[PDB]
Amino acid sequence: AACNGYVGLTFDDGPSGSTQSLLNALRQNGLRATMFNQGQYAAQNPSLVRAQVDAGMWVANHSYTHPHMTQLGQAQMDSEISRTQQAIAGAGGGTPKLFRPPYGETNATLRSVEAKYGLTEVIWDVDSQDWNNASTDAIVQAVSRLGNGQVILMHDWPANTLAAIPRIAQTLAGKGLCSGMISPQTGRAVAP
């Protein structure tokens, strides 16, 4: 098949002055992805939140200000998550069903807050390290490790991530894998 399996491409920390270029690259290369936006940036850039939707992306919750959430009390975690639901929905991004904790850091209290808002926690299977100066080569290599169902962490801002997009599409196509959405039931990548 054209798609023998699906992977979860994801981009944290937008939207941003880098977002439109990234979205254009993804669509031109036939890729869809989940954008884990910060609420403060969704609030500041509602038109870019919509641009993600119009590009064929799914929009998800990445907290309001990107704190270390497990260092917060429950009320503060609740504020961070709820304000982000509101900012994304208000901007036309839908009401997210997925949440990625900043730094991947979680605890039972955070889990309770996620459940309150009907959010599935989404970590990752592979960290592209694009936030930690990974080369374009290294990012493409990280994508090459993904199997059916697996999710990769990338970010909205790195230049090497934007440069990687065509080779990411090539890597997936070579393997008979396609870009998929992330199931709120299982947290793994599935057919859109």
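We number the residues from 1 along the sequence you see.
Residue range whose averaged C-alpha B-factor is higher in the record, 26-34 or 133-141: Averaging CA B-factors over each stretch, the winner is 133-141.
Selected stretch [higher average CA B-factor]: 12-20 or 166-174: It is 166-174.
Residue with highest C-alpha B-factor in the PDB entry, from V59, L153, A51, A159: When the deposited C-alpha B-factors of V59, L153, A51, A159 are compared, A159 is largest.
Residue selected from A89, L119, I81, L72 by maximal Cα B factor: By C-alpha B-factor in the record, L72 ranks first.
Ranked against its chain, the third holding the CA B-factor of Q44: Its C-alpha B-factor, which the entry lists for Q44, ranks in the highest third among residues of this chain.
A189 by Cα B-factor - lowest, middle or highest third of the modelled chain: Within its chain, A189 is a lowest-third residue by C-alpha B-factor, going by the deposited values.
Assigned third (lowest, middle, highest) for the C-alpha B factor of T106: Tercile = middle for this residue's CA B-factor.
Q76 CA temperature factor, ranked by third within the chain: Highest third, going by the recorded CA B-factors of the chain.
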